[PDB]
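Presented below, as structure tokens, is a lone chain in the form deposited in one PDB entry.
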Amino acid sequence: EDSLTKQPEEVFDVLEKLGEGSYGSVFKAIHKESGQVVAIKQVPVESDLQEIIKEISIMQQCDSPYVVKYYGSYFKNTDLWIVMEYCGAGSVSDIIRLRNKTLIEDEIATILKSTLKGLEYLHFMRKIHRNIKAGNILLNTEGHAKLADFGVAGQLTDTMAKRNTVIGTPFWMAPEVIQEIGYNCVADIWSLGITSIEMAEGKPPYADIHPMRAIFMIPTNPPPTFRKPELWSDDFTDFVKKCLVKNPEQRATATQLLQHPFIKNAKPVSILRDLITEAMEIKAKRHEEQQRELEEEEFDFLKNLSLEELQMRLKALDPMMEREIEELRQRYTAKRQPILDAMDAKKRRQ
């Protein structure tokens, strides 16, 4: 608790940036004291503090190797610092994105084996994730899958902001969620089922279709399958069928899905080691490849910058303006091109 009273920068050495979403930037960091690598997100306090903290209170009360561990918080320069567990390999969605390759069954089974463990843990505590998907399953540098970015109770009937953002992306929603406007534990199993297809095909069923249309299909049509079912085993195929059961009372629970062959006969997490190294390696190759690009064709970087690379940017600062605002003058000549072409005609008619 004493380390919580100290200022953030004095406890952790923040390293490279890892990315972002819609509420701030995520960063890599190292605990100076124990050397245990952690993550640090930075959110602007000005933008709805209540919503951020509600998620914080839900994650902090979770204690599972399958749920991303939350450690603490600080306050620094209008930014609320959130210290999270470091999942180096990123989300399942990011890994599939980075390599430009879908996941093989064995890879899927292992990931699902721990994802199921997390769901079971949650559901047993009578909690609900309310928002399972590939993008919210995180793998660390070792190959251990973890549940993150939880949904929150009443996220459907909360006025307009979240009563509308969830509606916009209903591809992982169970049928009874659309018809009941609520969630049951088994809802996550359906989401898991869809997430299973998401990992094999790269995107969920109906993903490319207009939401409004999906909202109508999901509770009407029969559960989705693989666009090419021959490429997948019978254990895999069957497992999916057991998850995507429209009747929530006939839908397998997390406790039961752990007994299914596809999962029970899953490989160790070491099989992810290889797909994880490629992802992380490419993540590094992009990092260095991109850092050499932004450095060529050109309140922290200046403190970490050298005298001669600081004096030459200042000198090459004006040339960057003539190209910055000459583009703006070209953009607005385009916007006014129609209005002038129209005025041309009207000046010819009178």
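Start at 1 with the first residue shown and count on from there. Heads up, when I say rigid core I mean the largest set of C-alphas that superpose within 1.5 Å between the two forms.
One more form of this protein exists, namely the form deposited in another entry; it is left out here, but the text below deals with it.
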Post core alignment: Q311 C-alpha displaced by 2 Å or more between this form and the one not shown: yes
Rigid core fitted, then: does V67 show a CA shift of 2 angstroms or greater between this form and the one not shown? no
Superpose the two forms on their rigid core, then report whether the C-alpha of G182 is displaced by 2 angstroms or more between this form and the one not shown. yes
Checked in the other form: CA of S22 to CA of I96 differs by 3 Å or more, atoms lying closer
Check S91 against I58 at the C-alpha atoms and report closer or farther in the other form, compared with the shown form; the change is 3 Å or more. farther
